[PDB]
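Engineer: Right, I'll just put the structure down here and ask away after.
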Amino acid sequence: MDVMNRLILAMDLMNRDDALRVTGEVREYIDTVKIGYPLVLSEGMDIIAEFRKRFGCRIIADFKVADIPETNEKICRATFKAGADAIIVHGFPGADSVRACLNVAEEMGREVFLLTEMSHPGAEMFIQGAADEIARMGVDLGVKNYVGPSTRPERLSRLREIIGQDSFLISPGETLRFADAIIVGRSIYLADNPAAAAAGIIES
Amino acid sequence: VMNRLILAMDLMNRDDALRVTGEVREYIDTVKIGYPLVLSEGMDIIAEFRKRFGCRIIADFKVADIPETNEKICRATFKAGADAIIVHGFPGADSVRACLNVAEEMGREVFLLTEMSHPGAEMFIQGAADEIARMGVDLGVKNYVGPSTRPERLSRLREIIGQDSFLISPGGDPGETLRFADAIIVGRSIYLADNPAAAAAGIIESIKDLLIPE
Ligand SMILES: Nc1ccn([C@@H]2O[C@H](COP(=O)(O)O)[C@@H](O)[C@H]2O)c(=O)n1
Ligand SMILES: Nc1ccn([C@@H]2O[C@H](COP(=O)(O)O)[C@@H](O)[C@H]2O)c(=O)n1
């Protein structure tokens with residue numbers, strides 16, 4: 001439950017070469033990488049084992065699983081079989097959909113992160129209003145890992161009060177007052193010098 | 001579209017999926033595929049369905065990310081050959097619009113998922129269903145995918161989206177479903193049948209007897 005330097009690289013690139021280049025350059029500073037469907041749909045799910053075998057990265061699949069229970073189970077099993085250490089799941093489809101993911105994780109010895117809220121434009125339409133109930137639902141389903149919205153620390157304070165001191169929270173300095181790790185993408189992966197960018201961030 | 005019947009190819013092994021789809025091709029030309037098959041076999045399987053059978057493919061990916069990422073998922077998906085992609089409306093208007101913009105650029109289609117009917121859907125989705133469908137109408141969404149249960153829910157959805165929108169829904173069927181949906185989605189009853197082709201052929205006959213206007 002410990003992320004190296006409390007810094008997670010959000011690898012949102014879709015090209016294998018740039019993805020691997022950047023990951024290899026920041027491995028002396030970061031050991032946890034979050035990847036999404038753009039990369040895996042473009043390069044194949046086998047890229048996950050590549051990240052792990054090549055660099056020893058812990059991999060969080062940010063797939064925002066949001067289907068019915070039976071399908072969620074299949075997606076999680078396929079993702080864990082490919083090597084993901086954790087998978088991010090939506091809470092809006094309800095408790096049984098989340099439970100299906102948690103069960104595959106228990107069975108396979110992996111982890112599920114519950115997405116409690118989103119902060120992009122439009123998230124205020126339906127997600128914002130359900131966020132507190134979704135976080136509380138997570139606590140009651142035994143969820144121990146949460147992903148918070150890209151927002152000001154004040155709001156993470158509220159989420160932290162709901163999930164408790166023992167849960168693990170990750171979110172896109174002040175943020176680290178409430179989150180266990182911060183997620184950084186572009187400022188690192190588009191940098192001409194990814195290593196220097198990561199090293200600078202860790203300076204805090 | 002062909003025969004108002006869409007095949008839900010939910011099997012995870014490449015062999016059976018390709019086999020079954022090929023056997024029913026005479027009656028069905030539109031197939032819906034989800035993440036399990038794609039993540040296990042690769043996105044290349046989409047081009048395979050299209051190149052080999054001339055199938056129209058609907059990627060049931062229920063896209064639910066932020067606008068920028070939704071754009072990339074859609075682009076990756078249409079590039080692989082999908083004719084349309086299913087997108088969640090709960091994340092909001094901007095996330096749905098990002099998908100519509102990529103579909104517009106590439107000449108493809110977006111299907112908005114407005115509600116679900118599985119256990120737990122009542123916690124947050126059910127209460128937002130009508131508002132999400134109306135959001136779709138406001139965004140100019142023209143294709144919708146309905147829930148799997150309760151035809152009383154289809155009549156409501158049809159009422160909100162209007163007669164000019166296209167609606168596909170899982171399954172007194174097929175008659176019951178086609179009273180509101182333009183096409184029915186059928187999976188197990190076809191792909192688990194001993195003679196898939198026979199199952200599809202049968203279903204198509206029933207639909208023929210309905211004499212559905214427009
Ligand atoms: N509006 C936004 C933008 C980005 N993010 C998250 O932050 C991560 C990294 O973002 P950056 O590339 O902008 O640093 C993304 O992968 C995404 O999960 C978010 O949660 N909301
Ligand atoms: N419980 C279920 C079962 C199936 N379905 C939908 O109906 C499609 C085909 O279902 P059948 O196999 O039951 O005909 C599935 O691919 C899925 O999208 C659902 O929404 N809820």
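Letters for chains follow the order of the structure tokens (A, B, ...), residue numbers begin at 1 for each chain, and ligand numbers begin at 1 in the order shown.
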Just the residues within 9 Å of residue B:188, please, counting only C-alpha atoms, with nothing from its chain fewer than 2 positions along; format it as a list in words.
Structural biologist: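 The residues satisfying every condition are residues 8, 9, 10, 186, 190, 191, 192 and 193 of chain B.
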Engineer: Which residues are near ligand 1 - at most 6 Å, using only C-alpha atoms and all ligand atoms? Format: as number ranges by chain.
Structural biologist: A: 10, 119-120, 149-150, 172, 183-186
Engineer: Write the residues of the selection above to a file with C-alpha atoms, as a PDB file, in the first residue's frame.
Structural biologist:
```pdb
ATOM      1  CA  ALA A  10      -0.536   8.853 -15.339  1.00  0.00           C
ATOM      2  CA  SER A 119     -14.285  17.099 -11.596  1.00  0.00           C
ATOM      3  CA  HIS A 120     -14.389  17.699 -15.352  1.00  0.00           C
ATOM      4  CA  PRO A 149     -11.398  14.157  -8.139  1.00  0.00           C
ATOM      5  CA  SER A 150      -8.950  16.690  -9.513  1.00  0.00           C
ATOM      6  CA  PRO A 172      -4.571  14.248  -9.403  1.00  0.00           C
ATOM      7  CA  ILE A 183      -1.257  11.503  -9.823  1.00  0.00           C
ATOM      8  CA  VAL A 184       0.744  13.456 -12.451  1.00  0.00           C
ATOM      9  CA  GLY A 185       0.568  13.000 -16.179  1.00  0.00           C
ATOM     10  CA  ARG A 186       1.395  15.560 -18.874  1.00  0.00           C
TER      11      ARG A 186
END
```
Engineer: For residue B:159, please output as a short mmCIF file (atom, residue, chain, number, x, y, z; two decimals) with C-alpha atoms, in the first residue's frame all residues within 12 Å (counting only C-alpha atoms; exclusion window: fewer than 2 positions along the same chain).
Structural biologist:
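Heads up, here's the output in out_2.cif:
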```cif
data_model
loop_
_atom_site.label_atom_id
_atom_site.label_comp_id
_atom_site.auth_asym_id
_atom_site.auth_seq_id
_atom_site.Cartn_x
_atom_site.Cartn_y
_atom_site.Cartn_z
CA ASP B 130 -35.02 10.59 -17.84
CA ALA B 133 -32.05 10.93 -22.04
CA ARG B 134 -33.22 14.55 -22.22
CA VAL B 137 -31.82 15.05 -26.96
CA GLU B 152 -42.90 -0.08 -19.70
CA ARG B 153 -39.50 1.64 -19.52
CA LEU B 154 -39.03 1.53 -23.30
CA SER B 155 -42.25 3.39 -23.98
CA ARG B 156 -41.02 6.15 -21.67
CA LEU B 157 -37.62 6.36 -23.30
CA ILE B 161 -36.24 10.72 -27.53
CA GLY B 162 -39.03 11.09 -30.04
CA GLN B 163 -39.93 9.20 -33.19
CA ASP B 164 -36.92 10.49 -35.16
CA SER B 165 -34.30 8.85 -32.92
CA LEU B 167 -33.35 2.97 -30.39
CA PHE B 180 -40.80 0.95 -29.19
CA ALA B 181 -37.27 -0.01 -30.28
#
```
Engineer: As number ranges by chain, which residues of stretch 2-207 of chain B does DSSP assign to strand (DSSP E)?
Structural biologist: B: 5-8, 30-34, 56-63, 84-88, 109-113, 143-145, 166-170, 183-186
Engineer: Output N, CA, C and O atoms for every residue in the selection just made, as a compact mmCIF listing (two decimals), in the first residue's frame.
Structural biologist:
```txt
# COMPACT_ATOMS: atom_id res chain seq x y z
N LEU B 5 -32.44 -6.93 -36.29
CA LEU B 5 -31.86 -7.86 -35.33
C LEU B 5 -30.35 -7.70 -35.16
O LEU B 5 -29.59 -7.87 -36.12
N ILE B 6 -29.93 -7.40 -33.94
CA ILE B 6 -28.52 -7.22 -33.63
C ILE B 6 -28.02 -8.36 -32.74
O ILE B 6 -28.63 -8.68 -31.72
N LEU B 7 -26.91 -8.96 -33.14
CA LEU B 7 -26.33 -10.05 -32.37
C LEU B 7 -25.41 -9.54 -31.27
O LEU B 7 -24.47 -8.79 -31.53
N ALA B 8 -25.67 -9.96 -30.04
CA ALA B 8 -24.82 -9.59 -28.91
C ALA B 8 -23.81 -10.73 -28.78
O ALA B 8 -24.08 -11.74 -28.12
N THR B 30 -25.31 -6.88 -38.21
CA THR B 30 -24.88 -5.93 -37.17
C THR B 30 -24.61 -6.71 -35.90
O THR B 30 -25.48 -7.43 -35.41
N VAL B 31 -23.40 -6.58 -35.37
CA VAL B 31 -23.00 -7.30 -34.17
C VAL B 31 -22.48 -6.37 -33.07
O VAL B 31 -21.74 -5.43 -33.34
N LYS B 32 -22.89 -6.63 -31.83
CA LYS B 32 -22.42 -5.82 -30.70
C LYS B 32 -21.32 -6.59 -29.96
O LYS B 32 -21.51 -7.76 -29.60
N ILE B 33 -20.18 -5.95 -29.75
CA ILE B 33 -19.07 -6.58 -29.04
C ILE B 33 -18.61 -5.74 -27.84
O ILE B 33 -18.50 -4.51 -27.93
N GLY B 34 -18.30 -6.41 -26.73
CA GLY B 34 -17.86 -5.72 -25.53
C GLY B 34 -16.39 -5.87 -25.20
O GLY B 34 -15.63 -6.50 -25.95
N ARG B 56 -21.39 -4.88 -39.38
CA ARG B 56 -21.36 -3.53 -38.82
C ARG B 56 -21.09 -3.85 -37.36
O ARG B 56 -21.71 -4.76 -36.81
N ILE B 57 -20.17 -3.14 -36.72
CA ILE B 57 -19.84 -3.45 -35.34
C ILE B 57 -20.17 -2.29 -34.41
O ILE B 57 -19.88 -1.14 -34.70
N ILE B 58 -20.79 -2.63 -33.29
CA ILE B 58 -21.13 -1.66 -32.25
C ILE B 58 -20.24 -2.04 -31.07
O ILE B 58 -20.37 -3.14 -30.54
N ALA B 59 -19.33 -1.16 -30.66
CA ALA B 59 -18.48 -1.45 -29.52
C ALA B 59 -19.23 -1.05 -28.25
O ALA B 59 -19.44 0.14 -27.99
N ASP B 60 -19.61 -2.05 -27.45
CA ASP B 60 -20.34 -1.82 -26.21
C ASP B 60 -19.31 -1.56 -25.11
O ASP B 60 -19.07 -2.40 -24.25
N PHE B 61 -18.68 -0.40 -25.19
CA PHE B 61 -17.64 -0.05 -24.25
C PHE B 61 -18.13 0.84 -23.11
O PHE B 61 -17.38 1.08 -22.17
N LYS B 62 -19.38 1.30 -23.19
CA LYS B 62 -19.96 2.16 -22.14
C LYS B 62 -18.93 3.19 -21.65
O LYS B 62 -18.60 3.28 -20.46
N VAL B 63 -18.44 3.99 -22.60
CA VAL B 63 -17.42 4.98 -22.33
C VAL B 63 -17.86 5.90 -21.20
O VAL B 63 -18.96 6.47 -21.24
N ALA B 84 -19.86 2.05 -34.58
CA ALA B 84 -20.50 2.85 -33.55
C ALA B 84 -19.96 2.46 -32.18
O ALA B 84 -19.37 1.38 -32.02
N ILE B 85 -20.14 3.34 -31.20
CA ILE B 85 -19.67 3.04 -29.84
C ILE B 85 -20.78 3.43 -28.83
O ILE B 85 -21.48 4.42 -29.01
N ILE B 86 -20.95 2.62 -27.79
CA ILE B 86 -21.95 2.92 -26.76
C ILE B 86 -21.25 3.74 -25.68
O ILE B 86 -20.16 3.38 -25.22
N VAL B 87 -21.89 4.83 -25.27
CA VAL B 87 -21.34 5.79 -24.30
C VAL B 87 -22.29 6.05 -23.12
O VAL B 87 -23.50 6.13 -23.29
N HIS B 88 -21.76 6.15 -21.91
CA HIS B 88 -22.57 6.44 -20.72
C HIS B 88 -22.89 7.95 -20.68
O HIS B 88 -22.06 8.78 -21.05
N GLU B 109 -20.81 6.61 -35.53
CA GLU B 109 -21.98 6.89 -34.69
C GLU B 109 -21.77 6.64 -33.19
O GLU B 109 -20.97 5.78 -32.79
N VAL B 110 -22.49 7.41 -32.38
CA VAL B 110 -22.45 7.27 -30.94
C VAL B 110 -23.85 6.81 -30.50
O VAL B 110 -24.84 7.32 -31.03
N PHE B 111 -23.90 5.83 -29.59
CA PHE B 111 -25.16 5.36 -29.01
C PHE B 111 -25.10 5.76 -27.53
O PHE B 111 -24.15 5.40 -26.83
N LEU B 112 -26.10 6.49 -27.04
CA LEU B 112 -26.10 6.92 -25.65
C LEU B 112 -26.83 5.91 -24.78
O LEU B 112 -27.97 5.54 -25.08
N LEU B 113 -26.18 5.46 -23.71
CA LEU B 113 -26.81 4.53 -22.75
C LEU B 113 -27.45 5.41 -21.69
O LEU B 113 -26.73 6.08 -20.95
N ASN B 143 -28.97 8.27 -31.58
CA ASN B 143 -28.98 6.83 -31.36
C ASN B 143 -28.93 6.53 -29.87
O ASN B 143 -28.08 7.06 -29.15
N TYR B 144 -29.84 5.67 -29.44
CA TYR B 144 -29.93 5.30 -28.04
C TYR B 144 -29.98 3.80 -27.85
O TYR B 144 -30.47 3.09 -28.71
N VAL B 145 -29.48 3.32 -26.71
CA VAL B 145 -29.55 1.90 -26.40
C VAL B 145 -30.30 1.84 -25.08
O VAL B 145 -29.93 2.51 -24.11
N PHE B 166 -33.10 6.75 -33.16
CA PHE B 166 -32.91 5.32 -33.36
C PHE B 166 -32.67 4.68 -31.99
O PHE B 166 -31.79 5.13 -31.23
N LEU B 167 -33.45 3.65 -31.68
CA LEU B 167 -33.35 2.97 -30.39
C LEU B 167 -33.18 1.47 -30.52
O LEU B 167 -33.95 0.80 -31.22
N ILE B 168 -32.15 0.93 -29.86
CA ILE B 168 -31.91 -0.52 -29.88
C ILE B 168 -32.01 -0.99 -28.45
O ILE B 168 -31.59 -0.29 -27.52
N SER B 169 -32.59 -2.16 -28.25
CA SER B 169 -32.77 -2.67 -26.90
C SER B 169 -32.75 -4.17 -26.83
O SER B 169 -33.11 -4.85 -27.79
N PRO B 170 -32.31 -4.73 -25.68
CA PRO B 170 -32.28 -6.19 -25.53
C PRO B 170 -33.75 -6.58 -25.41
O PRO B 170 -34.62 -5.71 -25.35
N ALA B 183 -34.79 -1.81 -33.26
CA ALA B 183 -34.11 -3.08 -33.42
C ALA B 183 -33.89 -3.72 -32.06
O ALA B 183 -33.66 -3.03 -31.06
N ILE B 184 -33.93 -5.04 -32.03
CA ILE B 184 -33.74 -5.77 -30.80
C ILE B 184 -32.36 -6.42 -30.77
O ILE B 184 -31.85 -6.87 -31.81
N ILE B 185 -31.76 -6.44 -29.59
CA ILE B 185 -30.45 -7.04 -29.37
C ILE B 185 -30.69 -8.40 -28.72
O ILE B 185 -31.35 -8.50 -27.68
N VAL B 186 -30.14 -9.44 -29.35
CA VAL B 186 -30.28 -10.82 -28.87
C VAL B 186 -28.93 -11.50 -28.81
O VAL B 186 -28.18 -11.49 -29.80
```
Engineer: Given a cut-off of 6 Å, which residues of chain A touch chain B, counting only C-alpha atoms, written out as number ranges by chain?
Structural biologist: A: 38, 44, 74-75, 92-96, 122-123, 125-126
Engineer: Next, the residues of the selection above should be written as a PDB file, in the first residue's frame with C-alpha atoms.
Structural biologist:
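Contents of the output file selection_24.pdb:
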```
ATOM      1  CA  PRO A  38      -6.243   4.546 -25.023  1.00  0.00           C
ATOM      2  CA  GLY A  44      -2.797  -4.419 -26.812  1.00  0.00           C
ATOM      3  CA  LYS A  74     -15.101 -10.553 -16.966  1.00  0.00           C
ATOM      4  CA  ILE A  75     -13.370  -7.217 -17.537  1.00  0.00           C
ATOM      5  CA  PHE A  92     -22.608   5.154 -10.167  1.00  0.00           C
ATOM      6  CA  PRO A  93     -23.788   1.763 -11.588  1.00  0.00           C
ATOM      7  CA  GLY A  94     -24.338   0.712  -7.966  1.00  0.00           C
ATOM      8  CA  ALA A  95     -23.155  -1.673  -5.256  1.00  0.00           C
ATOM      9  CA  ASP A  96     -23.508  -5.002  -7.034  1.00  0.00           C
ATOM     10  CA  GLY A 122     -20.404  18.075 -16.793  1.00  0.00           C
ATOM     11  CA  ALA A 123     -19.504  16.080 -13.672  1.00  0.00           C
ATOM     12  CA  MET A 125     -24.826  17.192 -13.677  1.00  0.00           C
ATOM     13  CA  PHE A 126     -25.137  13.761 -12.031  1.00  0.00           C
TER      14      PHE A 126
END
```
Engineer: For ligand 2, which of B:28, B:4, B:149, B:46 is the closest residue, counting only C-alpha atoms and all ligand atoms?
Structural biologist: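 Among B:28, B:4, B:149, B:46, it is B:149 that comes nearest to ligand 2.
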Engineer: Applying 10 Å and only C-alpha atoms, which residues near residue A:1 remain after dropping the ones on its own chain fewer than 5 positions away? List them as a list in words.
Structural biologist: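 In the requested form, the answer reads residues 145, 167, 168 and 180 of chain A.
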Engineer: Mind checking which residues fall within 6 Å of stretch 97-105 of chain A, counting only C-alpha atoms, ignoring those fewer than 5 positions away in the same chain, and posting them as a list in words?
Structural biologist: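 In the requested format, the answer is residues 68, 69, 73, 110 and 111 of chain A.
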Engineer: So, counting only C-alpha atoms and all ligand atoms, which residue among A:18, A:109, A:66, A:88 is closest to ligand 2?
Structural biologist: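 Under the stated criterion, the closest residue is A:66.
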Engineer: Please, what distance in Å, to one decimal, runs between atom CA of residue A:177 and atom CA of residue A:134?
Structural biologist: 22.2 Å
Engineer: Using only C-alpha atoms, which protein or nucleic acid residues come within 8 Å of residue B:200? Drop anything in the same chain fewer than 2 positions from it, and give the result as a list in words.
Structural biologist: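 Those residues are residues 24, 27, 28, 190, 196, 197, 198, 202, 203 and 204 of chain B.
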Engineer: Just checking: using only C-alpha atoms and all ligand atoms, which residue out of B:107, B:151, B:172, B:146 ends up closest to ligand 2?
Structural biologist: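 Selected residue with least distance to ligand 2: B:146.
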Engineer: Residues at most 12 Å from residue A:139, counting only C-alpha atoms, excluding those fewer than 4 positions away in the same chain, as a list in words?
Structural biologist: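 Result of the neighbour search: residues 91, 95, 98, 99, 113, 114, 116, 132, 133, 134, 135, 143, 144, 145, 146, 159, 160, 161, 162, 163, 164, 165, 166, 167 and 168 of chain A.
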Engineer: Create the file for the chosen residues now, containing N, CA and C atoms and written as a JSON list (two decimals), in the first residue's frame.
Structural biologist:
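Result file follows (result_6.json):
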```
[["chain", "number", "residue", "atom", "x", "y", "z"],
["A", 91, "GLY", "N", -18.66, 4.06, -9.34],
["A", 91, "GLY", "CA", -19.63, 3.70, -8.31],
["A", 91, "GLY", "C", -21.06, 3.98, -8.75],
["A", 95, "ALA", "N", -23.90, -0.73, -6.09],
["A", 95, "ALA", "CA", -23.15, -1.67, -5.26],
["A", 95, "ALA", "C", -22.85, -3.04, -5.85],
["A", 98, "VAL", "N", -19.99, -2.89, -8.24],
["A", 98, "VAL", "CA", -18.71, -2.71, -7.57],
["A", 98, "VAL", "C", -18.31, -4.04, -6.90],
["A", 99, "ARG", "N", -19.26, -4.71, -6.25],
["A", 99, "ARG", "CA", -18.97, -5.98, -5.59],
["A", 99, "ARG", "C", -18.39, -7.02, -6.54],
["A", 113, "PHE", "N", -9.90, 0.16, -6.91],
["A", 113, "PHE", "CA", -9.98, 1.55, -6.47],
["A", 113, "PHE", "C", -11.36, 2.05, -6.88],
["A", 114, "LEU", "N", -12.09, 2.69, -5.97],
["A", 114, "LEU", "CA", -13.42, 3.19, -6.31],
["A", 114, "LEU", "C", -13.31, 4.66, -6.67],
["A", 116, "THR", "N", -14.86, 7.94, -6.68],
["A", 116, "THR", "CA", -16.01, 8.52, -5.97],
["A", 116, "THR", "C", -16.60, 9.74, -6.63],
["A", 132, "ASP", "N", -20.99, 11.81, -2.37],
["A", 132, "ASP", "CA", -20.95, 11.42, -0.97],
["A", 132, "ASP", "C", -21.58, 10.05, -0.73],
["A", 133, "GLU", "N", -22.72, 9.79, -1.36],
["A", 133, "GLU", "CA", -23.38, 8.49, -1.18],
["A", 133, "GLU", "C", -22.54, 7.36, -1.79],
["A", 134, "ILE", "N", -21.82, 7.66, -2.87],
["A", 134, "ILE", "CA", -20.98, 6.64, -3.51],
["A", 134, "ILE", "C", -19.77, 6.36, -2.60],
["A", 135, "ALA", "N", -19.20, 7.40, -1.99],
["A", 135, "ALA", "CA", -18.07, 7.15, -1.10],
["A", 135, "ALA", "C", -18.54, 6.29, 0.09],
["A", 143, "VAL", "N", -14.49, -1.34, 0.61],
["A", 143, "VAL", "CA", -13.49, -0.76, -0.29],
["A", 143, "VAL", "C", -12.43, -0.05, 0.53],
["A", 144, "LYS", "N", -11.16, -0.30, 0.21],
["A", 144, "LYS", "CA", -10.06, 0.30, 0.94],
["A", 144, "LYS", "C", -9.19, 1.25, 0.12],
["A", 145, "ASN", "N", -9.45, 1.34, -1.19],
["A", 145, "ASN", "CA", -8.66, 2.20, -2.09],
["A", 145, "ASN", "C", -9.62, 3.10, -2.88],
["A", 146, "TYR", "N", -9.35, 4.41, -2.87],
["A", 146, "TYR", "CA", -10.20, 5.39, -3.54],
["A", 146, "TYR", "C", -9.41, 6.35, -4.41],
["A", 159, "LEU", "N", -13.82, 14.03, 1.73],
["A", 159, "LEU", "CA", -13.75, 12.64, 1.29],
["A", 159, "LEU", "C", -12.95, 11.81, 2.30],
["A", 160, "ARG", "N", -11.86, 12.37, 2.80],
["A", 160, "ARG", "CA", -11.04, 11.67, 3.79],
["A", 160, "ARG", "C", -11.82, 11.39, 5.07],
["A", 161, "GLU", "N", -12.69, 12.32, 5.46],
["A", 161, "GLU", "CA", -13.49, 12.11, 6.67],
["A", 161, "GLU", "C", -14.46, 10.96, 6.44],
["A", 162, "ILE", "N", -14.96, 10.82, 5.21],
["A", 162, "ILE", "CA", -15.90, 9.75, 4.92],
["A", 162, "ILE", "C", -15.21, 8.40, 4.88],
["A", 163, "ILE", "N", -14.08, 8.30, 4.18],
["A", 163, "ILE", "CA", -13.40, 7.01, 4.04],
["A", 163, "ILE", "C", -12.51, 6.59, 5.19],
["A", 164, "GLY", "N", -12.21, 7.52, 6.10],
["A", 164, "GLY", "CA", -11.38, 7.17, 7.23],
["A", 164, "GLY", "C", -9.89, 7.29, 6.99],
["A", 165, "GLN", "N", -9.15, 7.27, 8.09],
["A", 165, "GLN", "CA", -7.70, 7.40, 8.07],
["A", 165, "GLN", "C", -7.00, 6.18, 7.49],
["A", 166, "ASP", "N", -7.62, 5.02, 7.62],
["A", 166, "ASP", "CA", -6.97, 3.80, 7.14],
["A", 166, "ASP", "C", -7.03, 3.54, 5.63],
["A", 167, "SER", "N", -8.02, 4.09, 4.95],
["A", 167, "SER", "CA", -8.14, 3.89, 3.51],
["A", 167, "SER", "C", -7.02, 4.58, 2.75],
["A", 168, "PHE", "N", -6.74, 4.06, 1.56],
["A", 168, "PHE", "CA", -5.70, 4.63, 0.71],
["A", 168, "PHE", "C", -6.37, 5.52, -0.33]]
```
Engineer: Identify which of the residues B:129, B:51, B:11, B:83 lies closest to ligand 2, counting only C-alpha atoms and all ligand atoms when measuring atom-to-atom distances.
Structural biologist: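 Among B:129, B:51, B:11, B:83, it is B:11 that comes nearest to ligand 2.
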Engineer: For the structure I just gave you, how does DSSP split stretch 29-157 of chain B - specifically, which residues are alpha helix (DSSP H)? Reply as a PyMOL selection string.
Structural biologist: chain B and resi 35-41+44-53+67-79+93-106+125-139+151-157
